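Participant: Residue numbers (the authors' numbering): -1 to 36.
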């Protein structure tokens, strides 16, 4: 699908994990329930 992985609001480190998914610092964004690589 579109997402690299999910983003869950209950996960306070969601933005860091999402970046990790997307290849490093500033590369992913949590947009609603999806981590999307920029």
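Just so you know, even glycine gets a beta-carbon here, dropped at the ideal spot from N, CA and C.
#1: With a 10 Å radius around its C-beta and 16 neighbouring C-beta atoms as the bar for buried, classify residue 26 as buried or exposed.
#2: Between residue 28 and residue 19, is the Cβ-Cβ spacing less than 7 Å?
#3: For residue 27, which beta-bridge partners are listed by DSSP?
#4: Do residue 35 and residue 5 count as a contact pair if the criterion is CB distance below 7 Å?
#5: Per the DSSP calculation, residue 3 is bridged to which residue(s)?
Facilitator: Reading it off the structure:
#1: Reading the chain shown from its first residue, position 28 is the one you call residue 26. So residue 26 ends up on the buried side.
#2: Within the chain shown, the letter at position 30 stands for residue 28. Within the chain shown, the letter at position 21 stands for residue 19. The beta carbons of residue 28 and residue 19 sit no closer together than 7 Å.
#3: Start at 1 with the first residue of the chain shown, and residue 27 comes out as number 29. Partner(s): 34.
#4: Taking the first residue of the chain shown as 1, we reach residue 5 at position 7. Taking the first residue of the chain shown as 1, we reach residue 35 at position 37. Going by C-beta atoms, residue 5 is not nearer than 7 Å to residue 35.
#5: As a working note, residue 3 is residue 5 in the chain shown. Under DSSP, residue 3 forms a beta bridge with 33.
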